[PDB]
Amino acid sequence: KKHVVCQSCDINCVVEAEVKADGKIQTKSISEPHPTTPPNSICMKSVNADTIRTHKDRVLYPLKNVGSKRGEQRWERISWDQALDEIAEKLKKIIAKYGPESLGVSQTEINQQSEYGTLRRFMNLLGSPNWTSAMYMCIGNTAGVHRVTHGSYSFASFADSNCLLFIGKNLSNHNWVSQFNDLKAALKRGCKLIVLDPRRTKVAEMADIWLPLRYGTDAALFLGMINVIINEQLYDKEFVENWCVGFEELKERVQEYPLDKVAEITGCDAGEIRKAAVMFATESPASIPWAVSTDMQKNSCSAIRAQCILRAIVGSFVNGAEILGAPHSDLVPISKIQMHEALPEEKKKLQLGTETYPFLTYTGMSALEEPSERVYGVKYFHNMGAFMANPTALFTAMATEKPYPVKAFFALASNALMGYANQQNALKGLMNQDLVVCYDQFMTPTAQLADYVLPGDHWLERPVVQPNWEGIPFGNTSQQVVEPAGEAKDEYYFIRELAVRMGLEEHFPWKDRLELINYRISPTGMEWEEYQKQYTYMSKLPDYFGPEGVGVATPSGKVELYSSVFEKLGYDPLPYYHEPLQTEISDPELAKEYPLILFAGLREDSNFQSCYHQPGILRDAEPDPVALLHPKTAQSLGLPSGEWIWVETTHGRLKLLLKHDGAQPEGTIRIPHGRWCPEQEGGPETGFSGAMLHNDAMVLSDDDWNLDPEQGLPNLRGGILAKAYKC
């Protein structure tokens, strides 16, 4: 029996695995008392993970495209050695012609947990700043906002909270089951629960207060709560006095958001919003667990800022409710391995997005350099995901060659075609590449567009030392269950082999991933054989707020309720809510043709993002891409529940199976993210196995009107109008 960090989704429950006599790997909830993962924390995605590891369609060998047009499905198996030789040769030619900045990378490291900083190390040595990640609108953006406010991304304590505030978070036995169990434990301790969700979910039913707000309006709801907490003086006067700046300015701002106005905006009742605010401030320690919905709105910046402000002012950073992370105290920081200082300033300045949405770039984050050196001993603190190219800028440079060409593109555990907005432009960008490399487990829609598809190992085939989002104040060890199948290799193998061919061997002394793991843990004096024997290693953290506290990694050293960085960048230093530019409020005329407010998302028990749609048990649990309409709404449109429809915005459309569902509020429509059809032939004739027909990014604009102005991420949750009609 092994303890393994499940990487079938990103919450990373620790499970137990065992190889049975017939070679099948059985996974189950950990039978021992685990320090972080509560009992009975395993879901169908994990239970059935071996059906993916052993799937007949898994790519186990390097494939070279031998067609005459990108996207043509004509593939020939080659060796790793030959693939790497050819990739390096072509990349050298591309870089000689277009500069190292012409290499773009989309990487989801949480899916791989294998490179330990060596990916950005490689890019920084080559001279490319053009790294991005689908986490540009999930956690990575949030960390930027947290950093300008209080220097580091915060973590909410389910164990210590006496009040939890949920934004969406449709937790269940198959959506972040460990956290589902954490919540249940909390409730039984007497912890109160406040749920903001237009959909009455199971967590909404469990809630002490359920606020059925209108899609997209969380920022307004939170401003209303801050109004109540400031005006009622329910805040922690000592923390505000000693550790915050800009409180008087914040106080003035929230007078713009009285409960009568917020009630009108949100569709919630004023008295309920007040109860929520009061409960949150008085039922300490009170936390707001990170939630995706507010990373995906036109008002995302303000909604995130407002959450940070709420936690700060009620005392959550000093009562155990919210913890400010750091590079792990026991380990060599990933940030240091990444060698951001090696990338020349000239190349940092070129990072795509610097000229449009600089906030999350090296340039936008630069005011945090000295503060980060001071507090964390790391000038370039790669907190969760950081120093990022803006995806719209990246795909636009790929597609148009402006402001300059990007001509090589690597997708590392990232179905990049489908992982952002404006999927048509991502396709155009990919079709204008001279080199595309896809490191994955399957012939995904993105891999279908590659010159080379390289087989990645699976989480049941690798050891892992955590944390692999730098900032998380603990790491769980993951044991290797089996050797990788076929010729699947680890992410560091790929990076090192390429680095050597690019002339960078001297900077990559670790001969394999195990040596790199041993380097990551080297300050402990242990090697991996000994290290893996303990489940969890907690990090020490700086003394932020004690009597001789060091404060936070912000320009002022204090919690910036009024953000100096935003002021600097020309953005509103304080949170606000403006109606998205495509709603029934901002555009009632457009709403005559497009009567539905759009929500793209709603995670499904049996799949993770675009993963696990291959024929099998998981696909069978939810086999079609499904639209959800309230029965009354569907009825009005003449669409029988269970019939195929198009859902169309001003940007584009996708095809879905209408299922009527009374929990979906009237006049709103759900579309899924990540849906495609791996059973189909690939290539453009099938829209890349249905990608072009069934993915939400087909209908999501990334014009400026649909971008968060400060972060440059796309709005997905409210703020967009749609129509639905029969196929």
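So that there is no doubt, residue numbering starts at 1 and follows the sequence shown.
- Once the C-alpha B-factors are averaged per stretch, 393-401 and 595-603 rank with 595-603 first.
- Note on 24-32 vs 61-69: mean CA B-factor is higher in 24-32.
- Of all the options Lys237, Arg121, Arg274, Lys655, the entry's greatest CA B-factor is assigned to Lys655.
- Across the residues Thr524, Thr649, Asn468, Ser610, the deposited record lists the maximum Cα B factor for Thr524.
- In the PDB entry, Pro547 places in the highest third of its chain by CA B-factor.
- Ranked against the other modelled residues of its chain, the C-alpha B-factor of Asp512 as given in the entry falls in the lowest third.
- In the deposited entry, the Cα temperature factor of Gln664 places it in the middle third of its chain's modelled residues.
- Remark: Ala96 belongs to the highest third of its chain, ranked by C-alpha B-factor as recorded.
- In the deposited entry, the Cα temperature factor of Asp703 places it in the lowest third of its chain's modelled residues.
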